[PDB]
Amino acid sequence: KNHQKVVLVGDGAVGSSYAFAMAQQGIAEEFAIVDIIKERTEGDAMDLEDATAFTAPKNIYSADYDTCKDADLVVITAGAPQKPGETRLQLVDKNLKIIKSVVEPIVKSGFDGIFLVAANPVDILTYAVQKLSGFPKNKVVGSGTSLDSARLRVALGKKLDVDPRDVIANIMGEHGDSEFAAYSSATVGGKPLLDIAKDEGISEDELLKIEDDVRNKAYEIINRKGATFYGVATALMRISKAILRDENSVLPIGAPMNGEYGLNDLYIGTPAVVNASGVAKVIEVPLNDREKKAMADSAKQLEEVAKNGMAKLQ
């Protein structure tokens, strides 16, 4: 084959934004859009097409699951949101059944590329996507704590007047309320962030609120304009370029665990090296006492829910 083919599954606000971000960046020459309502996925290809007159060329079209036979990359944003009076366990059970109905026909098409999974809850569903496909663990890449890392970075940028790209600051654990900022491993210019904190008169106090503001930014953005999508759309575009450009770039992702942090048989938020084979390397960072306790607490929790969910899905 002559050029690179991404398949997006799920053309909601997250998925649409991803497709547009890949249109602006001129990444992937062919872009397949797969969802249930074919009239919408068509309208979206027609709308997204119009950008290719000012960006790089791209053949964007609406498709079905079979398009994956010759895909390099399947991006799964497929899932229903949290309806009021739906608990997290019902959201989990509803979304596992959605992801089973996406993975099985992708794998039946003879797709042998890389998965990036972005559907919430993302570390449960990255686990599920690997279980259901049979794919090697490194060829299922989780979006995981990429976005919330990006959020910690943008917040620490504004507080220090540093380009967000040079804040090496990681949100780690299960994407969601049990995640934490790995502040003791975090640096700007090689200099510890907890040293920058002490010279800038930024207390332990403020850093725990900065951390808690990252966890609540989804809520705060949903509560203002109804949804959140540009952040993750961009995080997804960035992991997409590490894979397709074979970069060996260092990104916080939902990465398969094989002993790192004392964890196994689990996807969870850590810095990883990302390339054409997916997760190349987990980077196992030094955790202080609080971070170590949040990673253990976050992981054990995530494991029970992801295994009962697969057991109940069957």
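Counting begins at 1, following the sequence as shown.
Per the PDB record, of the two stretches 85-93 and 172-180, 85-93 carries the greater mean B-factor over its C-alpha atoms. Here the stretch with the larger average CA B-factor, out of 280-288 and 25-33, is 280-288. Taking the PDB entry at face value, the top CA B factor among 148, 220, 166, 205 belongs to 205. In this structure the maximum Cα B-factor among 268, 48, 263, 251 is found at 263.
Residue 14 sits in the lowest third of its chain by CA B factor, as recorded in the PDB entry. Per the deposited record, the Cα B-factor of residue 198 falls in the highest third when ranked against the other modelled residues of its chain. Among all modelled residues in this chain, the alpha-carbon of residue 226 has a temperature factor (C-alpha) in the lowest third.
Annotation for residue 115: CA B-factor lies in the lowest third of the chain's modelled residues. The PDB entry assigns residue 59 a C-alpha temperature factor belonging to the highest third of its chain's modelled residues.
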